[PDB]
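Mapped onto the entry's author numbering, the consecutive letters of the sequence shown carry residue numbers 32 to 262. Positions of the beta carbon are idealized from the N, C-alpha and C atoms, including for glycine.
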Amino acid sequence: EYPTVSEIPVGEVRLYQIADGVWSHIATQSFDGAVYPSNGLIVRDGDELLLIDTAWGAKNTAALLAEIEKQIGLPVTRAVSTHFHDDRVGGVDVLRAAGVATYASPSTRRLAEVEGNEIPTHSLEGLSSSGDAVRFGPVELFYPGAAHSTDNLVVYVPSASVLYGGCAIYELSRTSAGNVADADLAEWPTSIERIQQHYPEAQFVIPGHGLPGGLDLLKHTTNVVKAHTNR
Ligand SMILES: C=CCCn1ccnc1C(=O)O
Ligand SMILES: [Zn+2]
Ligand SMILES: [Zn+2]
């Protein structure tokens with residue numbers, strides 16, 4: 032059963048097996064007076080592991096590495112952050128100190144710097160225009176266009192039909208847009224349509240926060256975003 036926010040004290044990390052060689056990682060963090068859960072991805076990359084997103088902060092990210100070593104025991108050699116916010120790059124300095132090569136798009140690295148957040152070392156090329164896709168070991172990285180943020184990426188694991196939507200996709204139980212200070216509300220529905228067109232075969236869909244689902248999370252997220260733009 033997927034771990035929930037109340038089951039994970041801040042500072043601890045759970046791993047959840049989605050498919051052979053594919054895990055989500057789940058952590059919790061305080062934000063604006065409440066504690067929220069947050070998802071990332073782990074994908075077997077031959078004899079190594081590819082990490083998608085930090086565990087939201089230095090301490091959580093150190094716990095993530097310890098849990099990976101305990102439960103999987105292969106080295107995390109590369110990490111990708113899917114946009115510039117702290118639940119995605121917070122902990123990049125810990126990853127770097129542990130030996131992990133960290134990556135993000137040029138826009139993400141730039142927006143991280145402007146924001147005063149941690150900055151992944153390496154720039155991912157080939158993702159500057161809406162609809163661009165690139166291979167990165169066992170996954171495909173896809174820029175769908177502005178949505179939750181202007182730089183947000185999604186990730187697909189072909190071997191298992193796993194779509195990691197990051198913060199551009201809401202879980203089913205989330206019905207209000209909440210915080211969207213960096214969102215492009217006008218573009219978010221269009222960006223989600225590009226995701227649907229490009230990954231019509233996705234069997235598992237992982238939002239940035241909360242419970243995994245299927246392709247219904249896309250239509251669900253457009254409803255929430257549109258309802259919010261109405262007023
Ligand atoms: C989990 C929602 C609270 C707001 N929030 C905090 C961190 N990330 C987000 C997001 O909206 O994606
Ligand atoms: Zn964000
Ligand atoms: Zn987020």
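Opening and closing residue of the alpha helix (DSSP H) in which residue i lies
| i | result |
| --- | --- |
| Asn-70 | Per DSSP, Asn-70 belongs to no alpha helix (DSSP H); it is in the beta strand (DSSP E), 65–76. |
| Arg-119 | 117–120 |
| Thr-92 | 89–102 |
| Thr-221 | 219–229 |
| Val-123 | 123–129 |
| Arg-141 | 137–146 |
| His-56 | Where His-56 is concerned, there is no enclosing alpha helix (DSSP H), although the beta strand (DSSP E) it sits in stretches over 53–62. |
| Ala-258 | 247–261 |
Residues that residue i bridges to, as DSSP identifies them
| i | result |
| --- | --- |
| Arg-166 | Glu-171 |
| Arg-45 | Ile-57 |
| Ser-154 | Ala-135 |
| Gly-244 | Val-236 |
| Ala-212 | Looking at the DSSP assignment, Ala-212 forms no beta bridge with any residue, so it has no partner. |
Residue i - containing beta strand (DSSP E), residue span
| i | result |
| --- | --- |
| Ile-237 | 235–238 |
| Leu-203 | Where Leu-203 is concerned, there is no enclosing beta strand (DSSP E), given that its DSSP letter is neither H nor E. |
| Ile-83 | 79–83 |
| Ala-110 | 107–111 |
| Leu-194 | 193–197 |
| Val-36 | Note, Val-36: premise wrong, no beta strand (DSSP E); not H, not E. |
Supposed contact pair residue j and residue i - C-beta distance, whole angstroms, cut 8 Å
| i | j | result |
| --- | --- | --- |
| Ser-222 | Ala-258 | About 17 Å separates the two Cβ atoms, so there is no contact after all. |
| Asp-124 | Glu-149 | 5 Å |
| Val-256 | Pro-220 | 6 Å |
| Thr-181 | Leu-126 | Between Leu-126 and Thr-181 the Cβ distance is about 24 Å, and since that is not below 8 Å, they are no contact. |
| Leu-105 | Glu-79 | 6 Å |
| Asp-63 | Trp-87 | The Cβ separation is near 14 Å, so there is no contact. |
| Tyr-134 | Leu-155 | 5 Å |
Separation of residue j from residue i, as counted between CA atoms
| i | j | result |
| --- | --- | --- |
| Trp-54 | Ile-73 | 5 Å |
| residue 272 | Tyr-33 | Since the first and last residues shown for the chain are 32 and 262, residue 272 lies out of range. |
| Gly-244 | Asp-213 | 25 Å |
| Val-131 | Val-165 | 20 Å |
| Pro-231 | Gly-168 | 21 Å |
| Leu-242 | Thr-139 | 25 Å |
| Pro-175 | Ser-69 | 21 Å |
| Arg-45 | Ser-190 | 23 Å |
| residue 29 | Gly-197 | What the structure shows of the chain is the stretch from 32 to 262, and residue 29 is not part of that stretch, so it cannot be assessed. |
| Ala-89 | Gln-228 | 36 Å |
| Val-193 | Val-36 | 22 Å |
| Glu-202 | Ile-226 | 16 Å |
| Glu-218 | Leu-184 | 14 Å |
| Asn-254 | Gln-234 | 21 Å |
| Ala-97 | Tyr-47 | 15 Å |
| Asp-51 | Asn-91 | 24 Å |
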